[PDB]
Ligand SMILES: CCCCCCCCCCCCCCCCCC(=O)OC[C@H](COP(=O)([O-])OCC(O)COP(=O)([O-])OC[C@@H](COC(=O)CCCCCCCCCCCCCCCCC)OC(=O)CCCCCCCCCCCCCCCCC)OC(=O)CCCCCCCCCCCCCCCCC
Ligand SMILES: CCCCCCCCCCCCCCCCCC(=O)OC[C@H](COP(=O)([O-])OCC(O)COP(=O)([O-])OC[C@@H](COC(=O)CCCCCCCCCCCCCCCCC)OC(=O)CCCCCCCCCCCCCCCCC)OC(=O)CCCCCCCCCCCCCCCCC
Ligand SMILES: CCCCCCCCCCCCCCCCCC(=O)OC[C@H](COP(=O)([O-])OCC(O)COP(=O)([O-])OC[C@@H](COC(=O)CCCCCCCCCCCCCCCCC)OC(=O)CCCCCCCCCCCCCCCCC)OC(=O)CCCCCCCCCCCCCCCCC
Ligand SMILES: CCCCCCCCCCCCCCCCCC(=O)OC[C@H](COP(=O)([O-])OCC(O)COP(=O)([O-])OC[C@@H](COC(=O)CCCCCCCCCCCCCCCCC)OC(=O)CCCCCCCCCCCCCCCCC)OC(=O)CCCCCCCCCCCCCCCCC
Ligand SMILES: CCCCCCCCCCCCCCCCCC(=O)OC[C@H](COP(=O)([O-])OCC(O)COP(=O)([O-])OC[C@@H](COC(=O)CCCCCCCCCCCCCCCCC)OC(=O)CCCCCCCCCCCCCCCCC)OC(=O)CCCCCCCCCCCCCCCCC
Ligand SMILES: CCCCCCCCCCCCCCCCCC(=O)OC[C@H](COP(=O)([O-])OCC(O)COP(=O)([O-])OC[C@@H](COC(=O)CCCCCCCCCCCCCCCCC)OC(=O)CCCCCCCCCCCCCCCCC)OC(=O)CCCCCCCCCCCCCCCCC
C-alpha cells in the first residue's frame with residue numbers, strides 16, 4: 001500500500017508514456033466486416049452432443065479470489081475481484097447523485113444518466129453503441145440519490161474495449177446540442193418505469209415526505225415541464241465540472257485481472273486531464289417526517305407505509321437495524337414460499353396468518369451514507385385502510401421485546417441472505433461501489449456475518465426505541481379515500 | 001446446454017434504490033428482488049416465453065420515429 | 001465449388017491491403033514527364049484560355065449572387081441529402097438570416113428586379129455552412145459504414161414501403 | 001493599411017493578416033503516427049487514376 | 001426519405017475535403033456561441049456608388065481543375081480517411097467532423 005484514502009490503503013499506479021503503435025498490438029482482436037472467408041465444413045456435424053469431443057484440456061488453475069485495491073495518480077480508485085468467471089462486470093461509480101442538486105438544478109443528475117454513452121471526443125454516439133452491441137455487451141447508466149453508476153457486462157477478453165468506453169463518459173463527453181435534445185424523450189420513459197413498480201414508487205414518496213425539500217428528498221427523476229429549460233449540454237457540463245472528478249469516482253471490476261484492468265485504465269487517463277476536484281456544499285439530511293396521500297384512480301388497493309429515520313450506513317446501528325428487518329421479515333399472499341422463505345417471521349405469523357384481509361405486509365430498510373428510513377409496508381383493499389393502519393401500529397408497539405428464538409432465527413436468516421446475495425456478481429459490483437462511495441471502505445460478506453453474530457436483544461431494543469422517537473412518515477398510495485388522518489398515526493405512536 | 005436467462009438482458013441495476021446487499025432480503029425469493037426465481041404455479045418451462053420487463057405493454061407506442069414528427073401529430077401517408 | 005475459391009481470394013487480397021495509406025496522403029513527386037508538361041502547357045493554357053474563361057465565369061457568378069443579395073452557400077438545394085442533414089443542425093441566428101436572404105432573392109428574381117447597389121458591397125463567398133456540412137458528412141459516413149454495409153433482404157411492398165431500402169411511405173410510383 | 005473596413009480590413013489580399021489563398025500545409029507524418037510514405041514517379045499517371053492490384 | 005443516393009465514395013482522382021478544402025480556410029473560434037459578434041448590430045463595409053468599386057471576393061476562381069464544365073463550390077460528398085490530416089486551427093483552419101474526432105487537434109495542455 002502506497003496511499004491511504006478515506007481509511008483504505010491503495011497501491012499507487014504510475015502513469016507511463018507508451019507509443020500508440022506498441023499498445024495497438026495488445027488490443028483484443030475482433031472484426032466488424034467479414035469480406036470473404038475460408039470455407040470449412042462443420043467437423044462435428046455428425047457427432048451427437050452426448051459424445052465428448054475435446055481432448056488434452058490444460059489442467060485448471062484455481063486461485064482463491066481476493067479483492068485488490070489500487071489508485072491512479074489522478075485519484076481514481078480501482079477495486080477488482082477475480083472469481084475466474086468468464087463474464088466481467090465493469091462499473092464506474094461517481095459520487096454525484098440527486099442529493100447534491102440545488103433547487104435551480106433540479107433533475108440534472110437524471111439528465112446526466114440520460115446522455116450516457118453519447119458522443120465523446122474520440123467516438124461518435126453510433127460507433128459507441130454499435131461496438132457495445134457487436135461485442136455482445138449489455139449495460140447502461142443509473143443515477144441514484146448519492147451516486148451515478150455506469151456498468152457493462154461482457155466477455156472478459158474484451159475488457160480493454162469496455163473500460164475505454166465507460167471512462168469516455170466522464171473523461172471527455174461531447175454534450176452536443178442536438179444529441180442532448182434527443183434525450184428529452186427518456187424523461188417520460190423514466191417516469192413510466194418508476195410508477196410501474198408500485199413498491200419503488202411508494203419508496204420515492206416516502207423519501208420526498210421524510211426529507212422535505214432537502215438532500216435525500218430531492219426527486220430522483222427530472223420533470224418534463226420547467227426542468228427542460230436547463231436540459232442542455234452547457235448546463236450538464238457545468239454540473240459535471242462541479243461534482244464529477246477522479247477523486248469522487250471509483251472503478252469496480254468483477255472477474256477481471258487486476259493488473260490488466262489497472263494497466264488499461266491507466267492508459268486511458270495517461271495523456272488527458274480529468275475534471276479537477278473542487279469543494280462542494282455537503283449538508284446533512286434534515287428529517288421532518290410528514291405524510292402524503294397519493295390517489296391512483298385505477299388502483300382499487302391501498303398501499304400504506306409508515307417510516308422512521310435511521311442514522312444510516314456509517315452508524316453502529318447498521319447491523320442491529322438490519323437484524324430487526326429480518327426478524328420482522330414479512331411476506332405476501334401473492335407468493336407461496338416454501339421452507340426457509342420467511343414463513344416464520346414475526347409479520348408473517350402475526351399479520352398474514354391472522355388477517356385474511358391483508359394482501360401483503362413487509363418491513364423496509366433503506367440505508368444511505370448518513371441517513372436512512374425504516375418502517376412497515378402493508379397493502380390491502382381500500383375500504384380496509386383503517387384496519388390496515390391499526391395492524392401496522394400494533395406491530396410497531398411490539399418492538400419493545402424479542403424472544404431468544406426469534407433473535408437467533410433472524411441472525412441465521414440474515415447471514416444466509418448475505419452469503420447468498422454475494423454470489424451474484426452484479427450484486428457484488430454494486431455493493432462494493434456503493435460502499436466505497438458511502439464510506440470509503442469495503443466490508444466483506446464474512447465480516448458482516450461476524451457483526452451479525454454479535455447482535456443481542458439489548459441492541460435490538462435500543463435501536464427500535466430510537467426509531468420510534470422520530471416523527472413518523474406516513475404515505476398512502478392508491479385508494480386513499482378511507483385511510484386515517486396523519487394526526488391519528490402520530491397520537492397512536494405518541495405514547496412510545 | 002440449457003439457457004437460464006432471457007434472450008434480452010435487463011441491463012439495469014439489480015439492487016433497488018437505497019437497498020444494499022445487506023438489507024435487500026434474500027434476492028432469490030424476495031418479492032421486490034429483480035432476480036427472484038419465478039414461482040412455478042403451472043410448472044417449469046414458461047419462462048422461455050416470459051417477458052421480464054416490469055413495465056406493462058403500451059400497445060402501439062411509437063419507436064419508429066426518426067424525428068420526423070412531434071408527439072401527438074398523426075402522419076398522413078408517411079409525410 | 002468455384003464460389004468458395006473466389007471467396008478465399010477476396011479475403012486474402014483485402015487482408016493484404018488493410019491499413020494502406022490513401023493515394024492522397026502519399027507524398028508524391030511528379031514524374032519527369034508530367035513536370036515538363038506542367039512547365040510548358042499549363043502556363044500558356046492558364047494565360048490564354050483557362051484563366052480568362054474561369055475569371056469570366058467566376059465574376060459573373062459573384063454578380064448574380066450580389067444582384068439577388070444572397071450568399072453562395074444559400075444557393076445549395078436541400079434536395080441534396082447532405083445539405084438537408086446539415087440544415088437540421090444549423091443555429092437559429094444563422095437560419096433566420098439565411099431564410100430572409102433566400103426569400104428576398106426569389107422575390108427579386110420573380111419580379112425581374114435586382115438588389116439596390118447600396119446593398120451589394122459584400123463578399124458572397126463566405127463559407128458559413130462549412131462547419132455543419134462537415135458534421136453532416138461525418139454523421140452520414142458513420143451511418144453508411146456501421147449500418148449499411150450489405151444489401152439487406154426485407155419483405156417487399158409492405159407497410160407502404162417497397163422493401164428495397166427507402167424509409168418513407170408512399171414515396172415511389174409503385175407504392176403510390 | 002487594413003486598419004478599418006474602409007481601408008480593407010478583413011479583405012483577403014488587401015489585409016496583411018489574411019492570405020490570398022489557403023492551401024493546406026505539408027506534413028511529414030500521418031495523423032496515425034505512421035511516417036508518410038514517399039513515392040517517386042517515373043512514368044505519367046494512369047488515365048483515370050485506376051490503381052493497380054497489389 | 002424517398003429513394004435517394006449520395007456520392008459518398010473513395011475517388012481515384014479527387015482528394016477529400018479534409019485533405020484539400022475548397023473553401024477559404026480561415027475561421028474564428030469562440031468558447032461559447034454567444035461570444036460571436038452579432039451581424040445585425042455589426043457595421044458592414046462602406047457602400048459604393050460604382051459597380052467597379054465593389055470589394056474583392058475571397059473565392060479562388062481556379063479551385064478545381066481538369067476536363068469538365070466550370071463550377072465553383074465549397075463542398076463535395078467524398079469519404080474521409082480514418083486518419084484524417086490534422087487541421088491547423090492555430091492559423092484559423094476549420095476543425096469539424098473527422099478532423100476533430102479522429103485527430104488530437106482539440107487537445108490543449
Ligand atoms: C487472366 C488470368 C488467367 C485466367 C484463367 C481463367 C480460369 C477459368 C477458366 C477455366 C475453367 C475451368 C472450369 C472447370 C469446371 C469443372 C467441371 C467439373 O468437374 O464439375 C464440377 C463442377 C462444380 O461442382 P460443385 O463443386 O458441386 O459446384 C457446383 C457449382 O456449379 C459450383 O459453381 P459456383 O457455385 O462457383 O457457381 C458458379 C457456376 C455458375 O457460373 C455461371 O454460370 C456464371 C454466370 C454468370 C452470368 C453469365 C451471363 C451470360 C453471359 C453470356 C456472354 C456471351 C458472350 C458471347 C460473345 C461472343 C462474341 C465474342 O460456375 C460453374 O458452374 C462452373 C462452370 C464450369 C465450366 C462448364 C460451364 C462453362 C460454360 C459453358 C457455356 C457453353 C456455351 C455454348 C454456346 C454454344 C452456342 C452455339 O460442376 C459444375 O457445376 C459444372 C457445370 C456447370 C453447368 C455448365 C453447363 C452444363 C450444360 C450441360 C448440358 C447437358 C445437356 C443434356 C441433354 C440431354 C438430352 C437428352
Ligand atoms: C454476345 C452475347 C452477350 C450476352 C451477354 C448477356 C448478359 C446478361 C446480363 C443480365 C443482366 C445483368 C444486369 C447487371 C446490372 C448491374 C448493375 C449494378 O451494378 O447494380 C448495383 C446496384 C447497387 O447500387 P448501389 O448504389 O450500390 O446501392 C443501391 C441502393 O441505392 C442502396 O443499396 P442497398 O443495398 O443499401 O439497398 C438495399 C436493397 C437495394 O435494392 C435495390 O437496389 C433495388 C432497386 C429497385 C429495384 C426495383 C425497381 C423497380 C422495378 C423496375 C422494373 C419496372 C418494369 C418491370 C415489369 C415490366 C413488364 C412489362 O438491396 C436489396 O434489397 C438486396 C436484395 C435485392 C434482390 C431482391 C430480389 C427480389 C426482387 C426482384 C428485383 C430485384 C432483382 C435484383 C436486381 C436485378 C438487376 C438486373 O444494384 C442494382 O442495380 C439494383 C437492381 C436495380 C435494377 C433492376 C433491373 C431489373 C431489370 C429491368 C429490365 C432491364 C432491361 C435492360 C437490359 C438488361 C440486360 C443488361
Ligand atoms: C448499341 C445497341 C444499344 C441498344 C439500346 C437499347 C438497350 C436495350 C435496353 C433498353 C431499355 C432499358 C430498360 C431499363 C430498365 C430499368 C429498370 C429500373 O431500374 O426501373 C426502376 C427505375 C427507378 O429507379 P429507383 O427509383 O432507384 O428504384 C427504386 C424504386 O423502388 C423504383 O420504383 P418506382 O415505382 O419509383 O419506379 C418504377 C418505375 C419503373 O418503370 C419505368 O421507369 C419504366 C421502365 C420500363 C421502360 C419501358 C420498356 C419498354 C421496352 C419493352 C417493349 C419493347 C416492345 C418491342 C416490340 C417489337 C415488335 C415488332 O415506374 C413504373 O414501374 C411504372 C409502371 C407503369 C405501368 C403502367 C401499365 C398500365 C396500367 C396497368 C395495366 C393496364 C390496366 C389493366 C387492363 C386490363 C384489361 C381488362 O427506373 C428508372 O429510373 C429508369 C427508367 C427508364 C429510363 C430510360 C432508360 C434508358 C435505357 C438506356 C438505353 C436507351 C437507348 C435508346 C432507346 C431508344 C428507343 C426508341
Ligand atoms: C510541331 C509542334 C508540336 C508541339 C508539341 C508540344 C508538346 C508539349 C509537351 C508534351 C508532353 C506530353 C507528355 C507529358 C506527360 C503527359 C501529361 C501528364 O501526365 O499530365 C498530367 C495528367 C493529369 O495528371 P494528374 O491529374 O495528376 O493525374 C490524375 C489522373 O490519374 C489522370 O487524370 P485524368 O483522370 O483527368 O485523365 C487523364 C487523361 C488521359 O490522358 C489522355 O487522354 C492522353 C491522350 C494522349 C494522346 C496522344 C496521342 C494522339 C495524338 C497523335 C498525334 C499524331 C501526329 C502524327 C504526325 C505525323 C507527321 C508526319 O484523361 C483526360 O484528361 C480525359 C479526356 C477526356 C476527353 C477525351 C476526348 C476524346 C475525343 C476523341 C474523338 C474521336 C472520334 C473519332 C474516332 C477516332 C478514332 C481514332 O496526366 C495524364 O493525363 C495521364 C495520362 C498521360 C498520358 C500521356 C501520353 C503521351 C503519349 C505520347 C505519344 C508519343 C508517340 C510518338 C510516336 C513516334 C514519334 C516519332
Ligand atoms: C475490334 C474492336 C473490338 C472492340 C471490343 C470492345 C470491347 C469493350 C468491352 C466493354 C465492356 C463494357 C464496359 C462498361 C463499363 C461500365 C462501368 C460503369 O458503368 O461504371 C459506373 C461507375 C459508377 O461509379 P460511382 O462510384 O457511382 O461514381 C464514380 C464517380 O463519378 C467518380 O469516380 P472517380 O472520381 O473515382 O473517377 C474514376 C474515373 C475512372 O475512369 C476511368 O478509368 C475511365 C477512363 C476511360 C477512358 C476512355 C478513353 C478513350 C480514348 C480513346 C483514344 C483512341 C486513340 C486512337 C489513336 C489512333 C492513332 C492512329 O472516372 C472518371 O474520372 C469519370 C468517368 C466518366 C465516365 C463516362 C462514361 C461515358 C461512356 C460512353 C463514352 C462514349 C460515348 C460517346 C462516343 C461514342 C462514339 C465514338 O463508374 C466508375 O466507377 C467509373 C468508370 C468509368 C468507365 C468509363 C469507361 C469509358 C470507356 C470508353 C472506351 C472508348 C473506346 C475508344 C476506342 C478508340 C480506338 C481508336
Ligand atoms: C514522318 C515522320 C513524322 C513524325 C511524326 C511524329 C508524331 C508524334 C505525335 C505524338 C503526339 C503525342 C502527344 C501527347 C499529348 C499528351 C497530352 C496529355 O497527356 O494530356 C493530358 C490531359 C489531361 O491532363 P489535365 O491536367 O487534366 O489537362 C488539363 C485539361 O486538359 C483541362 O484542365 P485545365 O484545368 O487545364 O482546364 C480547365 C478547363 C476550362 O477550360 C477552358 O476554360 C476552356 C474553355 C471552356 C469553354 C466551354 C464551352 C465549349 C465550346 C467552346 C466555344 C464557345 C466559346 C468559349 C469561350 C467563351 C466565349 C464567350 O478546361 C477544360 O475543361 C478543357 C476543355 C476544352 C474544350 C473547351 C473549349 C476550348 C476552346 C475554347 C475556344 C474559345 C474561343 C473564343 C475566342 C473569342 C475571342 C474574342 O488530357 C487531355 O488533354 C487529353 C484530351 C483528349 C485527347 C484525345 C486524343 C485522341 C486522338 C485520336 C486520333 C489520333 C490519330 C493519329 C494518327 C497519326 C497518323 C500519322
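Just so it is clear, none of the values below were taken in a lab; they were calculated from the coordinates. Because the Cβ atoms are built from the backbone with ideal geometry, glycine has one as well, and the counts that use them run over all protein chains shown.
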Of every Cα-Cα pair in chain D, the percent that sits beyond 16 Å: 69 percent
Between residue D:35 and residue E:7, what FRET efficiency follows from the Cβ-Cβ distance if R0 is 30 Å, with the result rounded to 0.05? 0.40
Efficiency by 1/(1 + (r/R0)^6): what FRET value for residue A:336 and residue A:471, r their Cβ-Cβ distance, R0 = 41 Å, to the nearest 0.05? 0.65
For the modelled label position 7 Å from the Cα of residue A:494 along Cα-to-Cβ, which residues of the range A:464-485 have backbone nitrogen atoms closer than 18 Å? A:468-474, A:484-485
Would you mind getting me the FRET efficiency between residue C:114 and residue A:197? Use the beta-carbon distance for r and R0 = 56 Å, nearest 0.05. 0.25
What's the percent breakdown of Cα-Cα distances in the protein assembly as shown across 20 Å bins, shortest bin first? 11, 36, 32, 17, 5, 0
State the antiparallel share, in %, of DSSP beta bridges confined to chain A, rounding to the nearest 5. 80 percent
How much of the DSSP bridge set in the protein assembly as shown is antiparallel, in percent, rounded to the nearest 5? 75 percent
Least to most buried among A:184, E:32 (fewest other Cβ within 10 Å first): E:32, A:184
Mind jotting down the distance between the C-alpha centroids of the range A:274-347 and the range E:1-23, whole Å? 60 Å
Can you tell me the relative contact order of the range C:74-139? Whole percent, Cα pairs under 8 Å, sequence separation 6 or more. 54 percent
Given the Cα-Cα distance of residue C:35 and residue C:106 and 0.36 nm per residue of separation, how much length would full extension add, in nm? 20.8 nm
Compute the projected area of the convex hull of the Cα atoms of the range C:2-103, averaged over all viewing directions, and report it in nm² to one decimal place. 13.8 nm²
Put a dot 7 Å past each Cα toward the Cβ at residue C:55 and residue A:54; how far apart are the dots in nm? 7.8 nm
Hey, got the Cα dimensions of chain B along the principal axes, in Å, largest first? 53, 34, 24
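Dividing the Cα radius of gyration by the Kirkwood radius, what Rg/Rh value follows for chain A?
Details: Rg = 25.4 Å, Rh = 25.3 Å.
My calculation of the ratio gives 1.01.
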Rough spin-label spacing in nm, given labels placed 7 Å along Cα→Cβ, for residue C:170 and residue A:286: 6.0 nm
Along principal axes, largest first, the alpha-carbon spread of chain C in whole Å comes out as 75, 60, 31
Euclidean distance of C-alpha centroids, the range B:25-79 and the range A:145-223, integer Å: 19 Å
Could you state the number of Å between the C-alpha centres of the range D:1-49 and the range A:378-394? 81 Å
The protein assembly as shown, helix-only ellipticity at 222 nm - DSSP H runs n ≥ 4, -39,500 (n - 2.57), divided by all residues, nearest 500: -9000 deg cm²/dmol
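Over all directions, how big on average is the projection of the convex hull of the alpha-carbon atoms in the range A:368-409, in square nanometres? Intermediate results must be reported in sequence, preceding the final value.
Numbers: hull surface 19.7 nm².
One quarter of the hull surface, i.e. the mean projection, equals 4.9 nm².
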Rg over Rh [alpha-carbon atoms, Kirkwood Rh] for the range A:81-185: 0.99
Report Rg(Cα)/(2.2 N^0.38 Å) for the range A:320-442, keeping two decimals. 1.17
Label residue A:183 and residue C:13 with points 7 Å out from Cα along Cα→Cβ: what is the distance between them in nm? 4.5 nm
Compute the angle between helix A:258-269 and the longest alpha-carbon principal axis of chain A, please, reported from 0 to 90 degrees and rounded to the nearest 10. 80 degrees
Taking only the alpha-carbon atoms of the range A:228-267, what semi-axes of the equivalent ellipsoid follow from 5 times the gyration tensor eigenvalues under a square root, in whole Å, largest first? 32, 11, 9
Rg and Dmax of the range E:67-109 over Cα atoms: what are they, in angstrom? 13.7, 47
Kirkwood hydrodynamic radius of chain E from all distinct Cα pairs, in Å? 17.6 Å
Could you check which residue among C:25, C:144, C:120 shows the biggest mean-square fluctuation in a GNM of chain C with a 10 Å Cα cutoff? C:25
Taking only C-alpha pairs under 8 Å that are 6+ residues apart, what is the relative contact order of chain A in percent? 18 percent
GNM on chain C, Cα springs under 10 Å; top mean-square fluctuation among C:161, C:40, C:126 goes to C:161
